[PDB]
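In the block that follows, a single chain appears as structure tokens, in the form deposited in one PDB entry.
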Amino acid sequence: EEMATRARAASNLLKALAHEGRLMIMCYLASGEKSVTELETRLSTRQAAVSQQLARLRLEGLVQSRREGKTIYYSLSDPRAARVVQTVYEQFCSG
């Protein structure tokens, strides 16, 4: 059934999103593009672990990066994931 395969793809995205450290990154990018320094400042996660979570989210296409001189800026990339995350942001992270 078509409807069934769409649920599995929705299921697989929610499995990718339902990790505490990575979602915390995603939630911070939902209010907009951030530098690596600034996720590091905001997250109490260890910085080697922030860099590994960022590499994981980038490789999965959930975030993307750009360079501006020395500065690496990250933003949400996957548009369907970004839509889910923004609704999650509005429901949990908005007071």
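Each residue number is its position in the shown sequence, starting from 1. Think of the rigid core as the biggest set of C-alphas that the two forms share within 1.5 Å after superposition.
The PDB entry records a higher mean C-alpha B factor for 12-20 than for its counterpart among 75-83 and 12-20. According to the PDB record, 65-73 carries the higher mean C-alpha B-factor of the two stretches 65-73 and 25-33.
Ranked by Cα temperature factor within the chain, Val88 sits in the lowest third according to the deposited record. Sort the modelled residues of the chain by CA B factor and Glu40 lands in the middle third.
Ranked by C-alpha B-factor against the other modelled residues of its chain, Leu59 falls in the middle third. When the modelled residues of the chain are ordered by C-alpha B-factor, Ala49 sits in the middle third.
Keep in mind that the form deposited in another entry is not shown, yet the notes after this line are about it.
Core-based superposition between this form and the one not shown leaves all of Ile72, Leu76, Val84, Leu23 but one with CA shifts under 2 Å; the exception is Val84.
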